[PDB]
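Enquirer:
There are 2 protein chains.
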Amino acid sequence: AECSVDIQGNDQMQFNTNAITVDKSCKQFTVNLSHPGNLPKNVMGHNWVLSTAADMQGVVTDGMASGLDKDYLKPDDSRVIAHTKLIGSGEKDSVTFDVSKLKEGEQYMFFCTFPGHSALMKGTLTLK
Amino acid sequence: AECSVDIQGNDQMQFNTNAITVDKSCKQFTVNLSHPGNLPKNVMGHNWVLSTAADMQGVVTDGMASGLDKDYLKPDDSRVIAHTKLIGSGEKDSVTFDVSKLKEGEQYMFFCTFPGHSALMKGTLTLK
Ligand SMILES: [Cu+2]
Ligand SMILES: [Cu+2]
Ligand SMILES: [Cu+2]
Ligand SMILES: [Cu+2]
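Going down the list, the protein sequences come from chains B and A.
Each residue of the first sequence is one higher than the last, beginning at 1 in the deposited numbering.
Each residue of the second sequence is one higher than the last, beginning at 1 in the deposited numbering.
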């Protein structure tokens, strides 16, 4: 299956998907984020962030406290495996990461860290 | 010859090379950019961008006008064949692209689109 996935974060606080699967044979994997709608990022900014399932909460709460100027992400957060930047409607961003960062059996989660968004905009990433 | 090259963009506005040659037999090619020095990206950020020689100017000027928040690159610029992100000193990024995107005889150029950098930080990429 393709070594990349196109994700949309819309004005209704939704990702167009809640489960991503990464093909074990890909040397790399790329996420392409877009923002259909009209709301600017200071009001409806969306990012795509990846961590183990266990680290999600801490990344989300430290991220909230970091501010908009930081893309609601804690600088040098060691729990973040890969991330795009905070995007506003009509904008785009992509992130590529080595498939060797993921492990079999481990449970990953992708999510948005804009305040209050993680509750709806979140999902699983599994290596298969 | 190797299917990858390590490039350095330093605080003096220089690439450690002005000519790259891509081995026709490689299925893919990877550029590894680094930034020796101390200047942050908002002051001395460097990226590695590839286009035909004819498209370089337009990519550079539209890039400038896009801003720092966009890595001084026009969103969805169709003229861009491959690119890394804008990097600051002590940082790193890599880009891999299919060697099949390049054509024999065509003339490519790699360059930095941080304002005013393309004048010094530029070079040729040829498929051989
Ligand atoms: Cu596949
Ligand atoms: Cu969001
Ligand atoms: Cu070779
Ligand atoms: Cu530069």
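C-beta atoms are modelled at their ideal positions from N, C-alpha and C, and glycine is treated no differently.
Using the beta-carbon of each residue, find all residues closer than 7 angstroms to any heavy atom of ligand 2 and list them in chain order.
Expert: Every residue passing the under-7 angstroms Cβ criterion appears here: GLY9/B, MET13/B, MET44/B, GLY45/B, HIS46/B, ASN47/B, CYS112/B, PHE114/B, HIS117/B, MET121/B.
Enquirer: Which of the three DSSP states is assigned to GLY9/B in this structure?
Expert: In the first sequence, counting from the first residue as 1, residue 9/B sits at position 9. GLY9/B: strand per DSSP, three-state reduction.
Enquirer: Please report the Cβ distance between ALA1/B and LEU50/B, rounded to the nearest whole angstrom; I am assuming they are in contact, meaning their Cβ atoms lie under 8 angstroms.
Expert: Taking the first residue of the first sequence as position 1, residue 1/B is located at position 1. Taking the first residue of the first sequence as position 1, residue 50/B is located at position 50. Going by Cβ atoms, the distance from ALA1/B to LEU50/B rounds to 18 angstroms, so no, they are not a contact pair.
Enquirer: Is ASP23/B near ligand 1 - that is, is its Cβ less than 6 angstroms away from at least one heavy atom of it?
Expert: Here residue 23/B refers to the residue found at position 23 of the first sequence. Yes, the Cβ of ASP23/B comes within 6 angstroms of a heavy atom of ligand 1.
Enquirer: Assign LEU33/B to buried or exposed, taking buried as 16 or more other Cβ atoms, counted over all protein chains shown, within 10 Å of its Cβ.
Expert: Against the first sequence, residue 33/B aligns to sequence position 33. So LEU33/B ends up on the buried side.
Enquirer: Against chain A, with Cβ distances strictly below 7 angstroms, would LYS24/B count as a contact?
Expert: Mapped onto the first sequence, residue 24/B falls at position 24. No - not a single Cβ of chain A is within 7 angstroms of the one on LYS24/B.
Enquirer: So, are the CB atoms of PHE15/B and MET121/B less than 7 angstroms apart?
Expert: In the first sequence, residue 15/B corresponds to position 15, counting from 1. In the first sequence, residue 121/B corresponds to position 121, counting from 1. Yes, the Cβ-Cβ distance between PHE15/B and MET121/B is below 7 angstroms.
Enquirer: Please confirm if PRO75/A has its CB atom under 7 angstroms from at least one CB of chain B.
Expert: Walking along the second sequence from the start, residue 75/A turns up at place 75. Interface residue, yes.
Enquirer: Residues in the same chain with beta-carbon distance under 7 angstroms from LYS41/B, minus the five sequence neighbours each way, listed in chain order, please.
Expert: By 1-based counting over the first sequence, the position of residue 41/B is 41. In chain order, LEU86, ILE87, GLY88 place their CB closer than 7 angstroms to the CB of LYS41/B, counting only its own chain and leaving out the 5 sequence neighbours on each side.
Enquirer: Counting only Cβ-Cβ distances shorter than 9 angstroms, please list the residues of the region 94 to 110 of chain A near chain B, keeping chain order.
Expert: For the region 94 to 110 of chain A, residues whose beta-carbon sits nearer than 9 angstroms to a beta-carbon of chain B comprise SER94, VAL95, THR96.
Enquirer: Among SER78/A, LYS128/A, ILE7/A, whose alpha-carbon lies nearest the alpha-carbon of residue 131/A?
Expert: Outside the shown range of chain A, which is 1 to 128, sits residue 131/A, and nothing can be said about it.
Enquirer: Compare the C-alpha of residue 196/A against each of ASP71/A, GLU104/A, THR21/A, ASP11/A and name the closest.
Expert: The question about residue 196/A has no answer here: the residues shown for chain A are numbered 1 through 128.
Enquirer: Does any heavy atom of ligand 3 sit closer than 6 angstroms to the C-beta of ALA119/B?
Expert: Indexing the first sequence from 1 puts residue 119/B at position 119. No, the Cβ of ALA119/B stays beyond 6 angstroms of every heavy atom of ligand 3.
Enquirer: Mind checking which residues open and close the beta strand (DSSP E) that includes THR96/B?
Expert: Position 96 of the first sequence, counting from 1, holds the residue named residue 96/B. Here the beta strand (DSSP E) through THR96/B covers 92 to 98.
Enquirer: For a quick check, are the C-beta atoms of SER66/A and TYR72/A less than 7 angstroms apart?
Expert: Here the question's residue 66/A lines up with position 66 in the second sequence. Here the question's residue 72/A lines up with position 72 in the second sequence. Result yes, Cβ atoms of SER66/A and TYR72/A sit closer than 7 angstroms.
Enquirer: Please confirm if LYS92/B has its CB atom under 7 angstroms from at least one CB of chain A.
Expert: Residue numbering aside, residue 92/B sits at position 92 when the first sequence is read from its first letter. At least one chain A Cβ lies under 7 angstroms of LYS92/B.
Enquirer: Pull up the CB-CB distance for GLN28/A and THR96/A, whole angstroms please, since I reckon it's below 8 angstroms.
Expert: Looking up residue 28/A in the second sequence gives position 28. Looking up residue 96/A in the second sequence gives position 96. So it is a contact: roughly 5 angstroms between Cβ atoms.
Enquirer: Considering just the uninterrupted stretch of the beta strand (DSSP E) at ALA1/A, what are its terminal residues?
Expert: As a position in the second sequence, residue 1/A is number 1, starting the count at 1. Note, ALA1/A: premise wrong, no beta strand (DSSP E); not H, not E.
Enquirer: So, with DSSP's three-state summary, where would you put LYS122/B?
Expert: Position 122 of the first sequence, counted from the start, is the residue given in the question as residue 122/B. Correct three-state label for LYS122/B: strand.
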